[PDB]
């Protein structure tokens, strides 16, 4: 039977759980899918409050697993996995096996360059540029008897707000859509949302396809899905604890474990270079695993034809430390219950485990924070690495991977999300590499937390960097990176990050005994419970400093291109963010938002992000479990 838990904090989790699941609060859609946030006027990662992410589903699984632990009821965790497989993992209709089975592992895809500015798109396909071999496809088709991929597509238009519908019908919900397509300078604000299933029924004469990649002839009807590695890994991580807690109570989630294991098997596609080029020697085409960096890259994606059979799959050359999950790798490589069926699944994940922890240590700054990451494709075109640039296995160090507007590693969040996984690993295995990373990182963040007399508090929000880490020498190890520094630009009261911080410090303290980490984690949880609770969970007023882009941000549309969004909005050069999303004017918060801009004030909101709420609950659960008194 499960060990006794701290009743005070267990109660707080149960409370939050009721608030999150309460139909009156509106965190879920009528199909049981969680929204990114209750409020619809939302722009940061997705550009609409009621479009969800894989990241959300994974937090949904974590919440339900924690609920099983305290109620003995795991049916909600099982339903959490049913909704995922039904709505976020493309079905047989969404990814036609007729097309996926025509896939060729020797020529996985056609090379196309990446540009530092949205106006350089569409990018031209070049069949003369080399592409390496895919070593894991035959492992996967053979173990599962299908050519379709089993991973989650990252973003979903839950209530068909954009109008694309399901597979071009325009009326079904949920709707598979995608946003980001045009480089490091394309923010949430500069995209042109498009359907995953493109039959040319919406947009331009060829749907939205020729906005992004330019081919030699007429674009074909096609589908494409993009995975968010960090969410799939988090799904595995959460499924593991659900398995642990269920067994402790004579119950089983055997079936959910099978799904999670298959997902981790396919998740290995993120270990490869975008066009399978050798790691450390980008101009040469890969021969197999020599194109594997073994890290959880920014994505892996696949697509195929709709009215003709063919398909493609790509990895990602860009690697951010915030996506890594050392715990999920430990699980899939050492736990018999999660041993992947594919021949190399488990051992590949063992290699990822060692490589991931080297990456973290390679990026640890003088102060303790973790730097961005590295890439095997400089400027996204496999260009020459400037002399002087530090490297990790041939890959060049990049301060802000994949995005520059704003930099992907300027948000404190990446710090806690990634390191929380390193804390779970250290707690369960006492691994030495994890201890070293945590002792220094934990000391940094503990001196950066501020508690005010009135009970409120602050933690880092926006951070900045200087220098670069020393070139990684595996035999030498961590030099200390004296020339790599982190600067805290400004503080804030991000309840999600505060919660994720509490979580990280709790696991670490529970293993190391660091009293400071323990009292801070608890002060944070207490602070949020006492001063930020509300009817729907927790919240605070925050400024939305980028909302002026709602009205002043120009969206690039190529010369001569004209199209329509399902609702009729015309797409042409000159349009602004709001012009191709005119429905945003019916939002309850619209007039309030615009009035503030007109009067020259930064708008403000009291937001309820689904993941932040779950993060707060889970955090309370972790504490109740590790510190029973």
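Residue numbers count along the first chain shown, from 1.
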Worksheet item: Out of 378-386 and 258-266, which stretch has the higher average CA B-factor listed in the record?
Response: 378-386
Worksheet item: For the C-alpha atoms alone, is the average B factor greater in 574-582 or in 35-43, going by the entry?
Response: 574-582
Practice prompt. Please pick out which of 317, 471, 138, 101 has the largest Cα B-factor as recorded in the entry.
Written response: 471
Worksheet item: Which is it among 444, 299, 176, 327: the one with the largest CA B-factor in the entry?
Response: 444
Worksheet entry | Relative C-alpha B-factor of residue 494, binned into the chain's lowest, middle or highest third | lowest
Worksheet item: Among the modelled residues of its chain, does the C-alpha B-factor of residue 407 lie in the lowest, middle or highest third?
Response: middle
Worksheet entry | Modelled-residue ranking by C-alpha temperature factor, third containing residue 10 | highest
Worksheet item: Compared with the other modelled residues in the chain, in which third is the CA B-factor of residue 246?
Response: highest
Practice prompt. Using the B-factors in the PDB entry, rank residue 27's C-alpha atom against the chain and give the third, lowest, middle or highest.
Written response: middle
